[PDB]
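Data block below; observations after.
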Amino acid sequence: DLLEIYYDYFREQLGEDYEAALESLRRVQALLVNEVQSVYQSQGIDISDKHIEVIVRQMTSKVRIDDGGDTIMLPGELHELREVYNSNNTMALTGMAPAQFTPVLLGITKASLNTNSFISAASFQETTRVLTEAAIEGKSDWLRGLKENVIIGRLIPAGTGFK
Amino acid sequence: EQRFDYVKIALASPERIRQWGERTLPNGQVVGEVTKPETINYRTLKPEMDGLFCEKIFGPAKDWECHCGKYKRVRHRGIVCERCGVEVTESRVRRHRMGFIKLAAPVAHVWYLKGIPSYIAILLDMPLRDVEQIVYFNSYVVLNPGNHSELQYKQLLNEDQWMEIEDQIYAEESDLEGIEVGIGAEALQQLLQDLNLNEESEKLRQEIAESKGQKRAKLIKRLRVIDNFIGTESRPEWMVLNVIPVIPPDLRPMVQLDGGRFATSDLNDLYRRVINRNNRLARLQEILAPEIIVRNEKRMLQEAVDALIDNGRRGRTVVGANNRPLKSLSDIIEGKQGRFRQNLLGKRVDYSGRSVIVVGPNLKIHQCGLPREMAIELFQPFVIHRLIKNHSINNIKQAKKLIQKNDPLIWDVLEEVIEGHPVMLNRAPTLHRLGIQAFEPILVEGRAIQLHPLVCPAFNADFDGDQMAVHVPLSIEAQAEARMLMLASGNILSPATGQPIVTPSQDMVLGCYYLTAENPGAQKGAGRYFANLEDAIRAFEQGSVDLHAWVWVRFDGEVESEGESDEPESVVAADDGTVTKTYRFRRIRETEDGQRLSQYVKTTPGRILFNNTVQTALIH
Amino acid sequence: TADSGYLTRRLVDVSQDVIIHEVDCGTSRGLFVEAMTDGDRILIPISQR
Amino acid sequence: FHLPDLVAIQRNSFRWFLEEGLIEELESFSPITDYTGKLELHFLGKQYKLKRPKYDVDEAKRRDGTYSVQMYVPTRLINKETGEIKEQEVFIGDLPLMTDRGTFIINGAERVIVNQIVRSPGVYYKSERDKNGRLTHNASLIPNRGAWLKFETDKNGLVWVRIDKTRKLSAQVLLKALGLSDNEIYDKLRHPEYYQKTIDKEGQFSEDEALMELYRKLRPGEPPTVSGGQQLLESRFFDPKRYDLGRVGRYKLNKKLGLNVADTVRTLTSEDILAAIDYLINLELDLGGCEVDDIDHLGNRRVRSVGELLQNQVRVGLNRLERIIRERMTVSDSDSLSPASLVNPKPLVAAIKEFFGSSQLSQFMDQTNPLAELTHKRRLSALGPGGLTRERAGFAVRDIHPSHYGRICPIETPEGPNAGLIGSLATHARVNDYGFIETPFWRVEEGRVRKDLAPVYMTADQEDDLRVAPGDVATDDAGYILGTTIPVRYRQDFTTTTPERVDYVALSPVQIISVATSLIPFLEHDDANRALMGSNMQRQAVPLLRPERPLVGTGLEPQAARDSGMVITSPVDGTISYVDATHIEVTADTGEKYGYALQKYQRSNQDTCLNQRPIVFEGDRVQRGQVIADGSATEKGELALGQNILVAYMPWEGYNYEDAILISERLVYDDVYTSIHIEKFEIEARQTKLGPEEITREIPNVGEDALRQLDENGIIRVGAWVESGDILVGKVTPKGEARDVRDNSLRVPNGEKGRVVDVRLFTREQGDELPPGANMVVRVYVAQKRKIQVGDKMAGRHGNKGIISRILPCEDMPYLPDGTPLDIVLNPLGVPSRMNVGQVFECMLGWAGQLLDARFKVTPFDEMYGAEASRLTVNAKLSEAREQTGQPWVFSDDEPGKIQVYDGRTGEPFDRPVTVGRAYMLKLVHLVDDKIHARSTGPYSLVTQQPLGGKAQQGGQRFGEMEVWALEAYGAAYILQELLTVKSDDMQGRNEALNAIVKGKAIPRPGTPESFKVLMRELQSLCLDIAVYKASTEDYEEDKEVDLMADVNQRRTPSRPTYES
Amino acid sequence: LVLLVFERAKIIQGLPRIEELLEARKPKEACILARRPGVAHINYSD
DNA sequence: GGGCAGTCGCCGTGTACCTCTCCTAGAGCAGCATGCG
RNA sequence: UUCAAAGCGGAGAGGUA
DNA sequence: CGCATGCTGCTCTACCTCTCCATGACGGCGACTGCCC
Ligand SMILES: [Mg+2]
Ligand SMILES: [Zn+2]
């Protein structure tokens, strides 16, 4: 609800919603990072702050689509902020009707099940639900990232197998 | 240049399922259908001709051998026998061929009916309870309400309601032409075939354009599902099964216990139940039995196929010999002990061993001690190659006999085989990347692995019962990469924070503290002047000064004392402009408005030892 | 131990695809780093951060 | 030490089963009648005519059979109308018998039935608090066997009832359906307006509609019936065959609710329900005499042992038998029948066999030494069929309750997933006939302890209103309590009172701990975690070649050894006339002869020796109760698990680092810490459809250089030394293919050697029973002697573990001011951070005892007599030893426990004196000969084609996913890919890699592993259309589906990698 | 006899707090202001 | 219709290694030991 | 010319780090 | 002197239904359900 408060304030004050989304996400990100680091430092444990920043940006990088103007985006879909922004810009450059959106906070388990590869998600949790949804949508997996080249037996795209 | 680029998934049509099985033969008929529930012959350990282990369908049991034994030899390639029609080829093809079972009555797939989202209910605009009642023969459904007033499309009737409607339709008095059809079976195929996705999508969009309230999310879900089916070019009625496939027989094998008893799988029981019920229902349909028994058979067949696909999801679990559930097809893939997490994301490997660890001092970091009984086993192919090339033996069999006989030359070869070959060591709960490291092995005598004391905190190891696992790399790339990226002598800092990770920890810090401390008693030889540090060390080594005495040494360099007085003291302006400033721990003597002439430091022989050791290590 | 292991597995699966592919995105945004202090006392100095 | 028989739970339970446990179940089922009521079967279950066992205990052990008896019950068949009575005796089953030590012998293995701690039957009240609502109270009524009942109070003041797991319903329906008018339920209740509110809100019910509604709610979908509801209630609560409170359930109900119902009636009645409702109302209204219950209290928990569990199994089998009898009796119209031909004992035999062989309450015995054996029979478990489950047990069940005091040990538990779920009975505790644990106390009158008045046993609930003092309080003449303030316990709290106001005193200071923890001297100077470690590790020691008593024992050693039944004491008070390694004879004063036979080099469940040796000589005067022979883990009378060795506390040159141990070479050539281990091998000759199997020495493809030690019958000879890969028994099977036999004779597994000591063999046509289809059985026993070596685990009694890392020649060890080299050097870094201060006390007292030849005994908690008793005693003993010996270097006043030590390599003394003493150390069962394994290539799994797992079958090491993550973090790509494919399941790349390595070429690129193809087939079999595709190069071409299951290279692909030649 | 009421003056956090923070769950505290303003009347009513 | 409290059911809960035990019911059919006149 | 006869799945109980 | 009957080993196949096998775990999230406007 802190995210909603910030988004509403910045939408009432600022004009464009892109900057409101960015500022709201920035403030929530800072709060989360500081809270986790404080909890760890209460004991005698020290970790660098990049390690927590990498994890936290995986939770605050999506948006919920509302009233898509003319793109192929029904309400209720979760999409990356950058993709939505680029599509809206390229569509409204000619003068079309843009789409609305609202930032969301996901979590560490709900975000791992929203990946674009069904092989990674089926091997984590809830295999039958993921496989049924993928079968209905007719999804295809292009084998990018770890945990999918390991299953087939290929060189991982990191390290000495980068190129 | 790779074989494939991506993986795609979709719904299976009956044509595809029949095409997976149903291979052809150089005759006028196809073979790939399972028709009888027999698995194996009791008298002789052979499979039957039409069953879960048949040889006409799944391939021969013994390579280049036919069922009747008439054919043999690898000369016979791609030619089928005549007395029994079994193709002659390798037996490995047995874990490829599939086959299929043809159902006498359609059944519904339980994944698409009983799910957290149910897709049949969403597509048909009906609640899950109504669809579940129409299936399993609990109610009826109206397919055509034509020429009536109180009947609507997709309305659930009942036995008494159907009887009372029959009392009017069968009178045929008037106003009831165009007999309405009701059907107490599934009839889901007819309801799903009646779908007209394009105009349904158009109507749904037209309705969703106007008015929202707060509960248009249902229409949004329906539109999403309809659009998925339109885009994929699938048919919804494929969610109701008409044929099913059968897994190849080596993935459900028969194993023999010690006492001669058989331990068959759980899939064979489920397949047997399905086949038996299907055959019984077909037989009943042939004789034109009363319908009230045919419906019971159909319901039982539905429950059997459902229990094969997924056990205990909708109804009651099927128990086997004991009161324990049987393992279905979904249990193979879904769990923590399923295929994904047990066989694909982690496996068992060759050229590996395990043993207890003890402490080895006098080892250098990047070295480990490997027992002589494990090395001769993990390094066998390299030993054989070296025996063949140098010390010309002959063939591989002679080399293996030489190893078995325990010739003295074996250890001489092994010692030069293993030098320059790194080895990877691992401990059980690998919590970070420093739980696996590479070392260079040294052959030791005994049955325990020797570990350097300076790597214990990284492994979190301890010498009270811990055990370690050993793996070896085979190819040139693995060896170069283990030497250049994982060797234990290049792991100084930690990746979580840049603090050092290889420091003297327990008994070395105590020794350094004792050596470099101070002692008010036991101060023989205090106040003696030495030239350079080596003289002081030589005077201490042959007992003439204590380890804790206070001595003056001549040292031109940089000093760092504790409890120091940064302000100069006892400045004595001597003759000729020479000034000798005397501090608490130094005796610098400086020239007149110039540079430094000499310096002396008051210290302890143990401190001289410590600092000389560090400087010698750095300069050499 | 079970709670710690489950948490680590979830963390690994959420963030497995973060690999370094680019040299520079060319931006001008960042955050403000300051010392971590409990009012009068400081807990983590700015130089360590 | 007032200690009675330590293993008495098992004996009492089995005696109860034999006396009145089988009778009660046999007589509760006897009158079996058919539906016409013409024939009756009566089981006069009072005689049982038990037949004597056909085999002794030793014969059963050595034959690998079962020790049991046969049960025969007399029955009579009565025909109505026409008078016809037939009498006979029917065979019921085989009952395994309990040996003299409290254990069972099933299929030649020793087994023990574990005791189970469960919740007692009765009525339990609880108060639950809503998020925003008031406090609401519920009550649960739980029987021994049957349906459960639940009452609940709502937020508006309404009373609801739940039966089993049906829907909730107002209490008025249940009370009217039971047959109670308004006036009596108004009078019995104490506050009738509270129930009057429910009456008004829910409407008055008459009997007819009460049963109507009860039937409607219990069994929906059926037409209601009055008789239906009546029968449903009668079957639910009032049927002896379907409902049972038990004796304990009736006792608890009467005790809590204050009723007066008879003890013989064991089913629910109306007064119990009325009283439960009244108690709930009073608890809601805060009457004053009502209180909620605690479920972890030891007054609400019970113990079940072998008698009750066997009774339940017998009951189930008897129900099945009655079903069979009723089905079979009516199939014949004409009688032509006898009671023998009517009963079938198969279901009862099957039930008993399943209970004793395949249950999870019957467990394989722990038999490493007598202490482990003794403590395995006194164990209490909270898991099993009728208790808890591992995923459901939480923080509250694994804790220590204040009611465990003197009944369950607070120290001895496992570490890991089983911590707090298995416990051990305390030293003085005993279980009464209801199933509750008791403990003894002495009475205190006017501050005087009456140590001559028969201590009283009291349960947890009884001793809550009394003020009970601990067992360490000091009295002056076994009389008045000294001091002015005394610690007491009142209502589970610790307070202090004047010693004219205490009521009871505990018997002994060790009443709170178990038997394993009672053997640790100077325990009050140790931490609790290390005490747990030491008590657990004392039960993993190995019996040694020549045992030896401790010098600083605690006083309980002679009692912990008398229960294993391996020490022989003379009952005679006479003379000894014949002594031998296998026989002893003692003659009384004209009182005949007593002869004993001794077991020699037998084998335990864990492959350890079970020898027995005599102590006495011929013509010796012997008194009654004197030890005559002793076992393999006892010195004269008492337990002896370790040895006394010289120890010094100091660091060596890095060999003591982090729990490692440095020892001397004297412990190897003096045969200290050497043990005997015996193994058993078995081969079976069966018959096949192709033909039978023959045991003979005519083995094909073998030379006479490998048949030296066979006895021209195909079986090895006694006294032969067998190394690895040696034939023991030669067998040939009739293969089908000239010579048609194949060789699969059994050989010793890799890594085993020793002497052959026994070749006992059994066959048909000789009176031996064999499994079906088999002709003969051959068993071979092989023994070996193992010495201490680098990699073995050593331990002490105070929790100090270690692994041996070096064995120094005796001229390198540090030595004393008399020239004696030390035996072991221990690191002092491990003492202060773990707080084992008692080991130093033990070392110093052992030093004094060795110098005096004294063998002291110290009991735990010894500071009630002085301020610092242990230090003063140790200092006085050391000073006395110094004065008696005459050597001044023994004891110094400046550094009491420290003396000077020299360097054996250079001869120079160390800078400061160190602590030396005599320590009692033990050798554990974790030896490095059983932990080393290696593999290059071997068998593979059938489905996945991955290497097998297991030391006994040439298995591989698992590379889990955490190691995969670690290799991914390093940037490794080629090591990982080589591990995943070429070394695991790339069926064609394995042979190519091996041949390339042998030939010296480069290893070729891998392919797709087999597990991925297996997964694709499994997913296709679920009606999923999954495939792999290759993208199209040009624009409008279609993507092409790639066929994985088709090798393109027509080259050899064997199942296992093979060497080319 | 009685049940006295009093106010005591009285924190460390561990794994549950970290799991709750990383999974973005809903705790039960911390009423949050929604609009800027500049005055906070406590309004101790009757 | 709108809006619920309240309730029912499914998902999830550390890694590596070692030792021991046991593993489908019922019915049908054929050949050998036992008490009696 | 051929290889070739030693490997098997599940459930329960306990232990070491 | 010989004749009639119970016990044991092997073989061969087929499966559904209950009085339900339990009613001491805890959190999260989605889909029915009765009740009050
Ligand atoms: Mg350890
Ligand atoms: Zn043929």
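Residues in the structure tokens are numbered from 1 in each chain, the chains being A, B, ... in the order shown, and ligands are numbered from 1 in the order shown.
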If you run DSSP on the backbone, which residues of chain C are strand (DSSP E), as JSON, numbers by chain? {"C": [36, 37, 38, 41, 42, 43, 44]}
Using the selection just defined, write its residues with N, CA, C and O atoms as a PDB file, in the first residue's frame.
```pdb
ATOM      1  N   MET C  36      25.689   4.379   7.767  1.00  0.00           N
ATOM      2  CA  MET C  36      24.572   3.812   8.516  1.00  0.00           C
ATOM      3  C   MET C  36      24.789   4.117   9.992  1.00  0.00           C
ATOM      4  O   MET C  36      25.728   3.598  10.605  1.00  0.00           O
ATOM      5  N   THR C  37      23.926   4.963  10.556  1.00  0.00           N
ATOM      6  CA  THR C  37      24.080   5.490  11.906  1.00  0.00           C
ATOM      7  C   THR C  37      22.817   5.251  12.718  1.00  0.00           C
ATOM      8  O   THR C  37      21.703   5.361  12.197  1.00  0.00           O
ATOM      9  N   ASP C  38      22.994   4.927  13.995  1.00  0.00           N
ATOM     10  CA  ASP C  38      21.877   4.808  14.933  1.00  0.00           C
ATOM     11  C   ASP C  38      21.734   6.084  15.761  1.00  0.00           C
ATOM     12  O   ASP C  38      21.901   6.093  16.980  1.00  0.00           O
ATOM     13  N   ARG C  41      25.273   7.480  17.344  1.00  0.00           N
ATOM     14  CA  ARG C  41      26.349   6.574  16.972  1.00  0.00           C
ATOM     15  C   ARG C  41      26.208   6.143  15.518  1.00  0.00           C
ATOM     16  O   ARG C  41      25.099   6.041  14.988  1.00  0.00           O
ATOM     17  N   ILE C  42      27.346   5.889  14.876  1.00  0.00           N
ATOM     18  CA  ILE C  42      27.366   5.333  13.529  1.00  0.00           C
ATOM     19  C   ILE C  42      27.672   3.846  13.626  1.00  0.00           C
ATOM     20  O   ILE C  42      28.424   3.394  14.498  1.00  0.00           O
ATOM     21  N   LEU C  43      27.053   3.070  12.741  1.00  0.00           N
ATOM     22  CA  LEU C  43      27.205   1.622  12.719  1.00  0.00           C
ATOM     23  C   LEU C  43      28.113   1.151  11.597  1.00  0.00           C
ATOM     24  O   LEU C  43      28.947   0.265  11.802  1.00  0.00           O
ATOM     25  N   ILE C  44      27.967   1.723  10.408  1.00  0.00           N
ATOM     26  CA  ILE C  44      28.806   1.402   9.263  1.00  0.00           C
ATOM     27  C   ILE C  44      29.281   2.714   8.649  1.00  0.00           C
ATOM     28  O   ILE C  44      28.457   3.522   8.210  1.00  0.00           O
TER      29      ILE C  44
END
```
Shell of 6 Å around ligand 2 (only C-alpha atoms (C1' of nucleotides) and all ligand atoms), written as a count of residues only: 9
What does the list of residues within 10 Å of ligand 1 look like if you count only C-alpha atoms (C1' of nucleotides) and all ligand atoms, written as a PyMOL selection string? (chain B and resi 460-467) or (chain D and resi 658-659+801-802) or (chain G and resi 16-17)
Contacts of segment 10-27 of chain F within 7 Å, only C-alpha atoms (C1' of nucleotides), excl. fewer than 3 positions in-chain, as a PyMOL selection string: (chain B and resi 321+428-429) or (chain C and resi 1-2+5) or (chain D and resi 358+364)
Could you dump the residues just selected with N, CA and C atoms as a compact mmCIF listing (two decimals), in the first residue's frame?
```
# COMPACT_ATOMS: atom_id res chain seq x y z
N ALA B 321 -1.12 -53.76 -3.31
CA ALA B 321 -0.97 -54.92 -2.44
C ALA B 321 -1.24 -54.55 -0.99
N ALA B 428 30.26 -31.93 2.05
CA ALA B 428 28.86 -32.30 1.82
C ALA B 428 27.92 -31.11 1.67
N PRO B 429 27.72 -30.23 2.68
CA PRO B 429 26.83 -29.09 2.45
C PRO B 429 27.54 -27.93 1.77
N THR C 1 17.78 -25.45 9.84
CA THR C 1 18.46 -25.81 8.59
C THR C 1 17.48 -25.91 7.42
N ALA C 2 16.29 -26.46 7.65
CA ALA C 2 15.32 -26.60 6.58
C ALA C 2 14.85 -25.24 6.07
N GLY C 5 17.70 -23.67 4.00
CA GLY C 5 17.86 -24.30 2.70
C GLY C 5 16.76 -23.93 1.73
N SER D 358 7.39 -57.08 10.34
CA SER D 358 7.33 -55.97 9.40
C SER D 358 6.72 -54.71 9.99
N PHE D 364 15.14 -53.79 15.07
CA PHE D 364 16.39 -54.54 15.09
C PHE D 364 17.22 -54.12 16.29
```
Which of segment 204-405 of chain D end up as helix (DSSP H, G or I) when DSSP is run on this backbone - answer as a PyMOL selection string? chain D and resi 207-218+226-236+246-257+270-285+306-329+339-341+346-358+370-376+402-404
Compute the chain G side of the contact with chain B at 10 Å, counting only C-alpha atoms (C1' of nucleotides), and hand it back as a list in words.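 Going by the stated atoms only, the list reads residues 2, 8, 9, 10, 11, 16 and 17 of chain G.
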Using only N, CA and C atoms (P, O5', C5', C4', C3', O3' and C1' of nucleotides), please write the residues we just selected to a file, as a PDB file, in the first residue's frame.
```pdb
ATOM      1  P     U G   2      35.614 -62.399 -32.913  1.00  0.00           P
ATOM      2  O5'   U G   2      34.087 -62.634 -32.528  1.00  0.00           O
ATOM      3  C5'   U G   2      33.088 -61.706 -32.921  1.00  0.00           C
ATOM      4  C4'   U G   2      31.738 -62.083 -32.367  1.00  0.00           C
ATOM      5  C3'   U G   2      31.712 -62.519 -30.912  1.00  0.00           C
ATOM      6  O3'   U G   2      31.750 -61.433 -30.004  1.00  0.00           O
ATOM      7  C1'   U G   2      30.441 -64.029 -32.203  1.00  0.00           C
ATOM      8  P     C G   8      22.352 -55.048  -7.621  1.00  0.00           P
ATOM      9  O5'   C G   8      20.890 -54.500  -7.950  1.00  0.00           O
ATOM     10  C5'   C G   8      20.652 -53.112  -8.162  1.00  0.00           C
ATOM     11  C4'   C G   8      19.889 -52.870  -9.442  1.00  0.00           C
ATOM     12  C3'   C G   8      18.372 -52.889  -9.316  1.00  0.00           C
ATOM     13  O3'   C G   8      17.826 -52.071 -10.349  1.00  0.00           O
ATOM     14  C1'   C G   8      19.048 -54.638 -10.732  1.00  0.00           C
ATOM     15  P     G G   9      17.707 -50.482 -10.164  1.00  0.00           P
ATOM     16  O5'   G G   9      16.137 -50.234 -10.099  1.00  0.00           O
ATOM     17  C5'   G G   9      15.577 -49.378  -9.117  1.00  0.00           C
ATOM     18  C4'   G G   9      14.129 -49.701  -8.863  1.00  0.00           C
ATOM     19  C3'   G G   9      13.582 -49.228  -7.530  1.00  0.00           C
ATOM     20  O3'   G G   9      13.203 -47.865  -7.552  1.00  0.00           O
ATOM     21  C1'   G G   9      12.959 -51.480  -7.884  1.00  0.00           C
ATOM     22  P     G G  10      13.452 -46.938  -6.266  1.00  0.00           P
ATOM     23  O5'   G G  10      12.238 -47.295  -5.300  1.00  0.00           O
ATOM     24  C5'   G G  10      10.897 -47.190  -5.751  1.00  0.00           C
ATOM     25  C4'   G G  10       9.955 -47.984  -4.881  1.00  0.00           C
ATOM     26  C3'   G G  10       9.932 -47.615  -3.409  1.00  0.00           C
ATOM     27  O3'   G G  10       9.140 -46.473  -3.140  1.00  0.00           O
ATOM     28  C1'   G G  10      10.038 -49.963  -3.633  1.00  0.00           C
ATOM     29  P     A G  11       9.492 -45.522  -1.897  1.00  0.00           P
ATOM     30  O5'   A G  11       9.103 -46.392  -0.622  1.00  0.00           O
ATOM     31  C5'   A G  11       7.744 -46.658  -0.317  1.00  0.00           C
ATOM     32  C4'   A G  11       7.604 -47.565   0.880  1.00  0.00           C
ATOM     33  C3'   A G  11       8.258 -47.093   2.166  1.00  0.00           C
ATOM     34  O3'   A G  11       7.503 -46.115   2.858  1.00  0.00           O
ATOM     35  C1'   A G  11       8.782 -49.358   1.815  1.00  0.00           C
ATOM     36  P     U G  16      25.111 -40.649  15.871  1.00  0.00           P
ATOM     37  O5'   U G  16      26.089 -40.428  14.639  1.00  0.00           O
ATOM     38  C5'   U G  16      27.356 -41.062  14.581  1.00  0.00           C
ATOM     39  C4'   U G  16      28.146 -40.599  13.383  1.00  0.00           C
ATOM     40  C3'   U G  16      28.324 -39.097  13.242  1.00  0.00           C
ATOM     41  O3'   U G  16      29.368 -38.583  14.049  1.00  0.00           O
ATOM     42  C1'   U G  16      27.650 -40.000  11.175  1.00  0.00           C
ATOM     43  P     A G  17      29.264 -37.104  14.658  1.00  0.00           P
ATOM     44  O5'   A G  17      29.478 -36.157  13.401  1.00  0.00           O
ATOM     45  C5'   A G  17      30.728 -36.098  12.736  1.00  0.00           C
ATOM     46  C4'   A G  17      30.629 -35.341  11.438  1.00  0.00           C
ATOM     47  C3'   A G  17      30.134 -33.911  11.529  1.00  0.00           C
ATOM     48  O3'   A G  17      31.136 -33.004  11.949  1.00  0.00           O
ATOM     49  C1'   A G  17      29.055 -35.014   9.738  1.00  0.00           C
TER      50        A G  17
END
```
Can you tell me which residues surround segment 66-83 of chain A at a distance of at most 10 Å, considering only C-alpha atoms (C1' of nucleotides), apart from same-chain residues fewer than 3 positions away, and format the answer as JSON, numbers by chain? {"A": [18, 21, 22, 60, 61, 62, 63, 86, 87, 88, 89, 91, 92, 96, 97, 98, 99, 100, 101, 102, 103, 104, 114], "B": [217, 220, 221, 223, 224]}
